[PDB]
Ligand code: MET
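In the form solved without the ligand, a lone chain appears below as structure tokens.
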């Protein structure tokens, strides 16, 4: 395409300015804390439930999406804190621990390691990967509760529940049978009678029976606490009306939030009759814990608290901190309604989310991931495929479900690997490094820019600015395509100039070959940095092959610079990517298809 004279002029000028356009990068901090006058970016990924092995769908929607923005944020020299951790409390944990013959603490410890190992293999750059089963979780949850309680946002009511005294617990509708009080059907459930269709309350059943021990449950009244959401609806919508417009909340999250408010919020129970949970500091609640519906989102705070006692500088500092929250759309109500209401009702100057990033679902082939049916790739099986992490990262991010659902496809993975990585991105960077190493003893040639060279340079800068424009608004999927667009321009540039041929010609031809070569390898250097949020290992590999200086590796400016000036010596080059074969892929497809085992 055609650009203005000034656009080209500005691009060339910035490019020639070279390495000292780079600011002397600040030394890393631990713990990372907000700096006044600078941008401070707080990033959370939704806390995965601990006792389920995560699959690719879980990873792309949360930890991997958050990782890309986190890495980009650091390249922009923003003070970045990316945190996550395992969600561990609840009835599900008690049930699963029983099935595995372990204590709740035991099975949680076991599966936390599994999560941590999986995310470590996928190279997720957490600043903290924590847990919700800590004393700080208890302290911070109880504090927020007290603040809400003393401001009249907590209700207390009695609820009639069936209780199996033999099993010593309150029964869910699932585990209750009885006679229908409407038609006399003898096998009615606690939730509904399948004979007459009537939706009932389990407490209304005649001759109720526990499905487990077959004894007779009794109706007992138990005390529960409720969060008074209707009273908080006003201050919540004030905040939303103030922060939603002009934000980068994903459209699906915005619709979901508004749709809940249209129906009107109701008081929600925040207590449960469990043992495994955060204790409630109130009289008569010694055998009750906080419902994970309420305190799971507080986990973000306690995880940060275990990281630094200065955690309030992040989570109680809205004027300084921009919070990004990544999740799948199911988690949206807890992040757009529940915690904001709790925080706003606490009146403790809490940092609320500025940009809620919610994805749609990643499906597997023509259906769902399923552990029970053995369908789909789960996080712990990825390592065993012979396909490295960055390849998984590339494909998942290439098909990241942003506007609509996406589907993992083995055929598509092979096709996009061979076409975009091998025949495009890899083919450019391989040739750029090869030409330097083969024709110039590993030294970057002198670059004498022709008008055509200046055009390409300017095109690269404009696409780079497009890349920034997108990722600034968390347009992950499209920013990856900007990278591939640059390498596409680069391949076209190399192919039309044929430097590997001209190098065998006149001294004029040889100078052209040198210019093309040096310019190409500088584009290769830029790509390595742009690629870092997406494929961190490949990024490091390229930078090692080109011996790109560390300050150039850790910052991405909005202009295309000459990071590899003439005379710079590169290392030893080697093909970046391996092709994927039909035999290899069909074997993997059959393995995770469900037709086996």
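Positions refer to the first chain, counted from 1.
K.L.:
Got a sec? Mean C-alpha B-factor, which is higher, 151 to 159 or 453 to 461?
P.N.:
Of 151 to 159 and 453 to 461, the stretch with the higher C-alpha B-factor average is 151 to 159.
K.L.:
So which stretch wins on mean C-alpha B-factor, 529 to 537 or 24 to 32?
P.N.:
Taking the mean B-factor of the alpha carbons in each, 24 to 32 is higher.
K.L.:
Highest CA temperature factor in the entry: which of 98, 353, 524, 124?
P.N.:
It is 98.
K.L.:
Kindly indicate the residue among 72, 394, 170, 408 with the greatest C-alpha B-factor in the PDB record.
P.N.:
Highest C-alpha B-factor among the listed options: 170.
K.L.:
Considering only modelled residues of the same chain, in which third does the CA B-factor of residue 499 rank: lowest, middle or highest?
P.N.:
CA B-factor rank for residue 499: highest third.
K.L.:
Please place residue 324 in the lowest, middle or highest third of its chain by C-alpha B factor as given in the entry.
P.N.:
As the PDB entry reports it, the C-alpha B-factor of residue 324 lands in the lowest third of its chain.
K.L.:
Within this chain, which third does the Cα B-factor at residue 473 fall in: lowest, middle or highest?
P.N.:
It belongs to the lowest third of the chain when residues are ordered by C-alpha B-factor.
K.L.:
What third of the chain, by the recorded C-alpha B-factor, contains residue 331?
P.N.:
It belongs to the lowest third of the chain when residues are ordered by C-alpha B-factor.
K.L.:
Compare the C-alpha B factor of residue 438 with those of the other modelled residues in its chain, then answer lowest, middle or highest third.
P.N.:
It falls in the middle third of the chain.
There is another form of the same protein, the form solved in complex with the ligand; it is not shown, and what comes next is about it.
K.L.:
Name the stretch, out of 33 to 41, 556 to 564, 46 to 54, 543 to 551, where some heavy atom lies within 4.5 Å of the ligand in the bound PDB entry.
P.N.:
After filtering at 4.5 Å, what remains is 46 to 54.
K.L.:
Using a 4.5 Å cut on heavy atoms, which of 335, 224, 163, 96 is close to the ligand in the bound PDB entry?
P.N.:
Comparing distances to the ligand in the bound PDB entry, the residue within 4.5 Å is 335.
K.L.:
Considering 293, 255, 500, 443, which brings a non-hydrogen atom within 4.5 Å of the ligand in the bound PDB entry?
P.N.:
In short, 293.
K.L.:
Does residue 428 reach the ligand in the bound PDB entry if we count a contact as any heavy atom within 4.5 Å?
P.N.:
Outside the cut-off, so no.
K.L.:
Does the ligand come within 4.5 Å of any heavy atom of residue 297 in the bound PDB entry?
P.N.:
Although the ligand is absent here, residue 297 would touch it in the bound PDB entry, with heavy atoms inside 4.5 Å.
K.L.:
With the cut-off set at 4.5 Å between non-hydrogen atoms, does residue 331 touch the ligand in the bound PDB entry?
P.N.:
Residue 331: yes, in contact with the ligand in the bound PDB entry.
K.L.:
Do residue 87 and the ligand share at least one heavy atom pair within 4.5 Å in the bound PDB entry?
P.N.:
Within the cut-off, so yes.
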